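Protein chains in written order, with the UniProt record's numbering: chain A, 230 to 282; chain B, 340 to 511.
So the structure is just underneath, and the comments pick up after that.
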Amino acid sequence: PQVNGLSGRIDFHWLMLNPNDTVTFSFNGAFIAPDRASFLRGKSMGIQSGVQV
Amino acid sequence: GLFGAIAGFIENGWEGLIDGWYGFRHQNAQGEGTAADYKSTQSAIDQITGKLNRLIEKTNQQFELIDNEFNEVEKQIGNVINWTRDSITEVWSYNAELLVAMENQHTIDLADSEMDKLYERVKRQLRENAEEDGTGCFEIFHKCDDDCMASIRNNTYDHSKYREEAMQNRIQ
Ligand SMILES: *[C@@H]1O[C@H](CO)[C@@H](O)[C@H](O)[C@H]1NC(C)=O
Ligand SMILES: *[C@@H]1O[C@H](CO)[C@@H](O)[C@H](O)[C@H]1NC(C)=O
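Printed below as a string of structure tokens:
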């Protein structure tokens, strides 16, 4: 179904590389490759709300 | 109460006594007089305080989101979560209502004890000088001036220095 004008869809997958391990991507098409990785800075708490801060 | 002196033989309370929780009200030659007893009143207040200091300013544990209000989680896991949470709510609701009944039952009897402890202590000071009618009163059988009354309050009453006089009026 049309969402933002496109009837195609991208499926986002994820894994968590442990330190010193290696991830490998074989692909001959239909790939959305990561440019940058992401690391967690510490601890926090998330909530869901609709009120003033 | 459990010790029957908050409803047993003290018929009613004294709305005028705002000095404390428990107290004395005497009658003698010089006239009327009302004073509160600190050592008792504070003994119950220090006790209610213990309860409050136990139920208030608890440092509860940190919990995180497992649900999603904006993008509902999968159904089968959403039900195990809704189910589990509903069950814990039963426990705490039960634990909350039961704890208060336990505590409120205790506090209400606890106050009795402080009344009976005061009453049954004053009676021992007046060993054979007085008799108790049974309304929470002590019929004194000697001249007890307003200094003799205050003697009872701070526990300086020397039963011996009135005994022979009191025992006389007691038997005639
Ligand atoms: C990862 O390898 C580096 C050197 O290649 C080493 O200094 C480090 O201790 C290793 N860390 C772990 C968790 O194996
Ligand atoms: C779980 O409960 C929430 C409200 O607490 C409700 O909105 C949601 O639809 C429920 N999920 C299921 C699968 O019943």
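Even for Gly, the Cβ is constructed at its ideal location relative to N, Cα and C.
Original post:
First and last residue of the beta strand (DSSP E) that includes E371 (chain B)?
Top reply: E371 to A375
Original post:
Within the 7 Å Cβ cut-off, does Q277 (chain A) reach chain B?
Top reply: yes
Original post:
Can you name, in chain order, every residue of its own chain whose Cβ lies under 8 Å from the Cβ of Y377 (chain B), other than the five neighbours on each side?
Top reply: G359
Original post:
Is the CB of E408 (chain B) under 7 Å away from at least one CB in chain A?
Top reply: yes
Original post:
Cβ-heavy atom distance between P230 (chain A) and ligand 1 below 6 Å?
Top reply: no
Original post:
What residues match up with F363 (chain B) in a beta bridge as DSSP calls it?
Top reply: B:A374
**OP:** Using three-state DSSP, classify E459 (chain B) as helix, strand or coil.
**Re:** helix
Original post:
Looking at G417 (chain B) and ligand 4, is the gap between the Cβ and the nearest heavy atom below 6 Å?
Top reply: This structure simply doesn't include ligand 4; it includes ligand 1 and ligand 2 instead.
**OP:** Please write down, chain order preserved, every residue whose beta carbon lies under 5 Å from a heavy atom of ligand 1.
**Re:** A:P248 and A:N249
Subject >> 7 Å Cβ cutoff met for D472 (chain B) and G340 (chain B) >> reply: no
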